[PDB]
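What follows is a single structure, written as structure tokens, with notes after it.
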Amino acid sequence: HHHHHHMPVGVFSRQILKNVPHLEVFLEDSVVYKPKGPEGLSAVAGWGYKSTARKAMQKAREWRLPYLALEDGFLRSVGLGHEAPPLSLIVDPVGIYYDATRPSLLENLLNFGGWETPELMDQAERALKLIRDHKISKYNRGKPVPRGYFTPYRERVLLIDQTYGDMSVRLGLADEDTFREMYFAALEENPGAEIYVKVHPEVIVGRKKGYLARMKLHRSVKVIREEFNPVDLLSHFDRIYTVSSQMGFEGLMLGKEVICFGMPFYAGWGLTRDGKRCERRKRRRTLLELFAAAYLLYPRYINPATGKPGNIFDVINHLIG
Ligand SMILES: Nc1ccn([C@@H]2O[C@H](COP(=O)(O)O)[C@@H](O)[C@H]2O)c(=O)n1
Ligand SMILES: [Cl-]
Ligand SMILES: [Mg+2]
């Protein structure tokens with residue numbers, strides 16, 4: 001009893017526990033809704049930058065309590081956010097991975113270490129191979145790219161579109177017009193190539209609007225609105241253009257050349273071609289090291305079969321079946 005406490009985490013939105021019934025399992029603490037004061041609390045938590053989340057941040061500030069930034073894990077589910085609960089959860093008491101304006105737990109892991117062991121790196125190799133072999137991604141919904149869709153050996157590049165309102169854009173040091181710059185930069189650099197734009201799945205299903213999807217591009221540009229498996233789609237390109245999408249890291253995991261126009265969580269470590277700078281990120285990292293911290297250590301996994309705390313391999317085995 002000396003090594004544990006009964007001090008719960010405060011939240012200011014009932015929507016968190018609604019969308020994540022196993023929230024307390026992820027947090028390893030109890031949750032309480034709208035506490036009137038800090039006494040008895042071990043932290044406050046919020047989801048993204050919605051109104052209620054910013055109120056939680058303010059209370060953390062007021063009360064001098066840690067603020068836990070909660071997000072869906074990098075491996076989330078078989079289905080989009082509105083289809084099922086998340087299979088892993090990111091819980092960041094420092095900042096949040098997509099916010100390049102401050103440190104985050106993930107950035108701290110990458111900068112200063114404390115975790116690189118032969119045993120962990122072996123696990124990372126195993127998990128990375130399984131994800132590549134089984135074409136696993138965040139949502140695991142898309143269909144395969146049929147043979148004949150792409151012309152063999154034809155030069156082509158891929159631009160990744162995102163959802164309007166994505167906080168990772170502006171907190172990744174970019175803005176709405178960065179997507180237009182990314183497009184014309186790709187044109188100028190690849191005069192002989194075909195240009196493909198992949199619309200975000202949430203925009204395909206009509207729940208959100210996109211940046212590039214709303215633009216009027218040259219008729220020769222091929223805008224993809226079919227719901228292809230993203231890692232299957234990526235296999236048909238060598239060079240990827242992205243502002244701040246997680247799909248850029250999925251491309252990096254497949255060894256593609258990733259040109260970043262924002263500063264996402266995986267940029268600034270020496271593995272990407274960066275149009276932005278982040279002086280706070282100093283240590284160079286290999287892909288395996290970046291993957292180990294970002295996918296194995298940083299998220300909190302549940303064993304989908306038991307509802308109890310687990311690891312990345314529990315979710316992988318669940319996604320395969
Ligand atoms: N244009 C896009 C952007 C993202 N995605 C998928 O959605 C996930 C989340 O991407 P965002 O970071 O852009 O929301 C990606 O890791 C990828 O699996 C996609 O399939 N097509
Ligand atoms: Cl919230
Ligand atoms: Mg998203």
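Just remember, in the structure tokens the first chain shown is A, the second B, etc., residues are 1-based per chain, and ligands are 1-based in the order shown.
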Next on the checklist: Counting only C-alpha atoms and all ligand atoms, what are the residues, protein, DNA or RNA alike, that approach ligand 1 to within 9 Å? I want them as an MDAnalysis selection string.
Outcome noted: chainID A and resid 74:75 80 136:142 159:163 166 168 197:203 210 224 227:231 233 242:251
Using the selection just defined, write its residues with C-alpha atoms as a PDB file, in the first residue's frame.
ATOM      1  CA  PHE A  74      -0.819   4.656 -33.024  1.00  0.00           C
ATOM      2  CA  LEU A  75      -2.383   1.206 -33.499  1.00  0.00           C
ATOM      3  CA  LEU A  80     -12.296   4.190 -37.761  1.00  0.00           C
ATOM      4  CA  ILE A 136      -1.027  -3.329 -40.227  1.00  0.00           C
ATOM      5  CA  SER A 137      -1.785   0.358 -39.691  1.00  0.00           C
ATOM      6  CA  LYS A 138      -3.773   2.636 -37.383  1.00  0.00           C
ATOM      7  CA  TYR A 139      -7.272   1.683 -38.572  1.00  0.00           C
ATOM      8  CA  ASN A 140      -6.859  -1.576 -40.557  1.00  0.00           C
ATOM      9  CA  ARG A 141      -9.838  -1.126 -42.878  1.00  0.00           C
ATOM     10  CA  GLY A 142      -8.687  -0.445 -46.408  1.00  0.00           C
ATOM     11  CA  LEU A 159       1.007  13.341 -51.409  1.00  0.00           C
ATOM     12  CA  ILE A 160      -0.762  12.622 -48.108  1.00  0.00           C
ATOM     13  CA  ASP A 161      -3.864  14.679 -47.357  1.00  0.00           C
ATOM     14  CA  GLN A 162      -5.156  15.276 -43.834  1.00  0.00           C
ATOM     15  CA  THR A 163      -8.399  16.266 -42.120  1.00  0.00           C
ATOM     16  CA  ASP A 166      -6.007  18.360 -37.400  1.00  0.00           C
ATOM     17  CA  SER A 168      -0.880  18.155 -35.647  1.00  0.00           C
ATOM     18  CA  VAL A 197      -3.031  12.565 -53.690  1.00  0.00           C
ATOM     19  CA  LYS A 198      -4.434  10.207 -51.048  1.00  0.00           C
ATOM     20  CA  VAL A 199      -7.538  11.588 -49.343  1.00  0.00           C
ATOM     21  CA  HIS A 200      -7.881  10.883 -45.632  1.00  0.00           C
ATOM     22  CA  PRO A 201     -10.326   8.066 -44.744  1.00  0.00           C
ATOM     23  CA  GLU A 202     -12.371  10.320 -42.444  1.00  0.00           C
ATOM     24  CA  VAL A 203     -12.849  12.618 -45.444  1.00  0.00           C
ATOM     25  CA  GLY A 210      -9.642  17.765 -46.331  1.00  0.00           C
ATOM     26  CA  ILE A 224      -7.381   8.901 -54.664  1.00  0.00           C
ATOM     27  CA  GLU A 227     -10.273   3.340 -49.339  1.00  0.00           C
ATOM     28  CA  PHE A 228      -7.015   1.531 -49.985  1.00  0.00           C
ATOM     29  CA  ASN A 229      -5.014  -0.106 -47.237  1.00  0.00           C
ATOM     30  CA  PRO A 230      -2.470   2.679 -46.572  1.00  0.00           C
ATOM     31  CA  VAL A 231       0.611   0.472 -46.225  1.00  0.00           C
ATOM     32  CA  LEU A 233      -0.750   1.916 -51.192  1.00  0.00           C
ATOM     33  CA  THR A 242       3.387  14.913 -45.946  1.00  0.00           C
ATOM     34  CA  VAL A 243       2.806  17.858 -43.621  1.00  0.00           C
ATOM     35  CA  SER A 244       2.275  16.050 -40.311  1.00  0.00           C
ATOM     36  CA  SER A 245       0.269  12.852 -40.937  1.00  0.00           C
ATOM     37  CA  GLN A 246       0.951   9.633 -39.047  1.00  0.00           C
ATOM     38  CA  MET A 247       0.899   8.008 -42.489  1.00  0.00           C
ATOM     39  CA  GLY A 248       4.309   9.597 -43.034  1.00  0.00           C
ATOM     40  CA  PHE A 249       5.703   7.423 -40.253  1.00  0.00           C
ATOM     41  CA  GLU A 250       3.959   4.380 -41.727  1.00  0.00           C
ATOM     42  CA  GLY A 251       5.847   5.165 -44.925  1.00  0.00           C
TER      43      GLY A 251
END
Checklist entry - Could you name the residues that touch residue 270 (chain A) at 12 Å or less, counting only C-alpha atoms, but leaving out those on the same chain fewer than 6 positions away, as a PyMOL selection string? => result chain A and resi 110+252+257-260+277-278+281-287+289-290
Next on the checklist: Give me, as a PyMOL selection string, the residues of region 205-295 of chain A that a backbone DSSP run labels alpha helix (DSSP H).
Outcome noted: chain A and resi 230-234+246-253+287-291
Item to check | Exercise answer, 12 Å around ligand 2 with only C-alpha atoms and all ligand atoms, as an MDAnalysis selection string | outcome: chainID A and resid 10:19 33:34 44:59 67:71
Next on the checklist: Please identify the strand (DSSP E) residues within region 253-320 of chain A (assignment by DSSP from backbone atoms) and present them as a ChimeraX atom specification.
Outcome noted: /A:257-260,273-274,300-303,308-310
Could you write out the selected residues, including C-alpha atoms, as a short mmCIF file (atom, residue, chain, number, x, y, z; two decimals), in the first residue's frame?
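The resulting result07.cif:
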data_model
loop_
_atom_site.label_atom_id
_atom_site.label_comp_id
_atom_site.auth_asym_id
_atom_site.auth_seq_id
_atom_site.Cartn_x
_atom_site.Cartn_y
_atom_site.Cartn_z
CA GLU A 257 11.74 8.65 -48.54
CA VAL A 258 9.50 10.93 -46.47
CA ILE A 259 9.54 14.67 -47.16
CA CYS A 260 8.00 16.51 -44.20
CA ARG A 273 13.74 15.57 -45.27
CA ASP A 274 12.53 18.43 -43.08
CA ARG A 300 -0.40 1.88 -23.36
CA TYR A 301 -1.77 -1.38 -24.75
CA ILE A 302 -4.59 -3.57 -23.47
CA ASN A 303 -4.89 -7.25 -24.23
CA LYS A 308 -6.28 -6.24 -18.95
CA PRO A 309 -3.02 -4.35 -19.53
CA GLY A 310 -0.89 -5.86 -22.28
#
Next on the checklist: I'd like to know which of A:256, A:76, A:156, A:147 is closest to ligand 3, using only C-alpha atoms and all ligand atoms.
Outcome noted: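 When distances to ligand 3 are compared using only C-alpha atoms and all ligand atoms, the smallest one comes from A:76.
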Next on the checklist: I need the residue nearest ligand 3 from this list: A:305, A:73, A:152, A:96. Use only C-alpha atoms and all ligand atoms for the distance.
Outcome noted: A:73
Could you give me, as a short mmCIF file (atom, residue, chain, number, x, y, z; two decimals) with C-alpha atoms, in the first residue's frame, the residues within 12 Å of residue 180 (chain A), counting only C-alpha atoms and dropping anything in the same chain fewer than 2 positions from it?
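What landed in selection-v5.cif:
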data_model
loop_
_atom_site.label_atom_id
_atom_site.label_comp_id
_atom_site.auth_asym_id
_atom_site.auth_seq_id
_atom_site.Cartn_x
_atom_site.Cartn_y
_atom_site.Cartn_z
CA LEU A 159 1.01 13.34 -51.41
CA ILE A 160 -0.76 12.62 -48.11
CA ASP A 161 -3.86 14.68 -47.36
CA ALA A 174 2.59 24.39 -40.27
CA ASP A 175 -0.76 25.84 -41.35
CA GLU A 176 -3.46 25.37 -43.96
CA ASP A 177 -1.39 26.94 -46.75
CA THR A 178 1.50 24.53 -46.14
CA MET A 182 3.71 21.01 -50.51
CA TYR A 183 1.78 20.41 -53.73
CA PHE A 184 3.66 22.91 -55.89
CA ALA A 185 6.98 21.89 -54.32
CA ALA A 186 6.28 18.30 -55.40
CA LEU A 187 5.42 19.50 -58.92
CA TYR A 211 -6.95 20.25 -47.26
CA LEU A 212 -5.88 18.98 -50.69
CA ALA A 213 -9.25 17.31 -51.28
CA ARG A 214 -10.94 20.74 -51.44
CA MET A 215 -8.39 22.30 -53.80
CA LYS A 216 -8.80 22.53 -57.58
CA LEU A 217 -5.63 20.83 -58.80
CA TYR A 241 5.09 14.05 -49.24
CA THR A 242 3.39 14.91 -45.95
CA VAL A 243 2.81 17.86 -43.62
CA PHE A 261 6.63 20.04 -44.50
#
Next on the checklist: Counting only C-alpha atoms and all ligand atoms, which residue out of A:8, A:35, A:165, A:95 sits closest to ligand 3?
Outcome noted: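 Under the stated criterion, the closest residue is A:165.
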Checklist entry - How far is it from CA of residue 298 (chain A) to CA of residue 173 (chain A), in Å with one decimal? => result 22.3 Å
Checklist entry - Between CA of residue 105 (chain A) and CA of residue 294 (chain A), what is the spacing in Å? => result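 We find that CA of residue 294 (chain A) and CA of residue 105 (chain A) lie 9.9 Å from each other.
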Checklist outcome for this item: In terms of only C-alpha atoms and all ligand atoms, the residue from A:27, A:81, A:6, A:1 at minimal distance from ligand 3 is A:81
Item to check | Point-to-point distance in Å for CA of residue 129 (chain A) and CA of residue 149 (chain A) | outcome: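 Distance between the two atoms: 26.1 Å.
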